[PDB]
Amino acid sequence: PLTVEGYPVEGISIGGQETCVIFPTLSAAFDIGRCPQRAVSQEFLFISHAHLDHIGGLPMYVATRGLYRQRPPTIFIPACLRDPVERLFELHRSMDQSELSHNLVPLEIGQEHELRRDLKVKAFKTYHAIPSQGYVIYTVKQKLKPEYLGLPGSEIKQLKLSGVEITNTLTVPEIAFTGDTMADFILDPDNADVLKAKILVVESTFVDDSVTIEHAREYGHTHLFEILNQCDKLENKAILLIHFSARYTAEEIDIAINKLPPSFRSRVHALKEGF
């Protein structure tokens, strides 16, 4: 199984067909594809945009969690999609008489929401043919202050009783997911945290010269050549490339990645499920 910077990664992203990228240790799915069964067990769903290959599985995801008596999921969407997504769920309810319980959380670009005491999300601007946004998940953890770092637990414990503040809150961009986008998201000055996230999940719909950059840009997509051109500004520990055109074989993908300069290439991974 695929693992990136310690995180298992599941799911699939074929450029024409479906995109659902799953981080099961975060209970997170980035887009819903055709509702792969592995996605059903994730409590948090982040929708980048309303193309059917990204959003089409949404009602089935909610319905299946309901059937299995799982906690209603929390679903993050661009704010402008709240209207149609409400309409969608009410239509299905009007037919199938089910509850389709969920928490729908519209986010505008730059807005944040808490997933858990130690986890939060922030939406960021992406550049695509229809309304869209990416998401950065941040860890929010307590870390020992420098002066207490090398200290026996017994000692730490008494400091706790006395009531000393012994930790600092550390907020770190952990996973950044673009969904479909042009490479210009990299140049948007609001996106600095995207470029420092431990893992960047970004589409590279086209990876070799069989397709031209400006053609990639024609449909709101990114060419691997553009990621390379900007690689010096990508401070991510890992880059997970997704959403390759269905025209490609897995071996073509590997070839394209292998051709990258070695220092950058060492940080590059590919989600090849289904290729």
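All residue numbers are counted from 1 along the displayed sequence.
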**Asked** Which has the higher mean CA temperature factor in the PDB entry, 19-27 or 258-266?
**Response** 258-266
**Request:** Mind pulling up the entry and telling me whether 147-155 or 197-205 has the higher mean Cα temperature factor?
**Result:** 147-155
**Message:** Given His54, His215, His243, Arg65, identify the residue with the highest C-alpha B factor in the PDB entry.
**Reply:** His215
**Prompt:** Going by the entry, which of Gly134, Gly110, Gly163, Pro84 has the most elevated CA B factor?
**Reply:** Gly163
**Request:** Rank-wise, by C-alpha B-factor, drop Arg34 into the lowest, middle or highest third of its chain.
**Result:** lowest
**Asked** Among the chain's modelled residues, which third holds the C-alpha B-factor of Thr249?
**Response** highest
**Chain third (lowest, middle, highest) by recorded CA B-factor, residue given as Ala129** = highest
**Request:** Could you say whether, by C-alpha temperature factor, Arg71 belongs to the lowest, middle or highest third of its chain?
**Result:** lowest
**Complete:** By the entry's values, the third containing the CA B factor of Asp190 is the highest
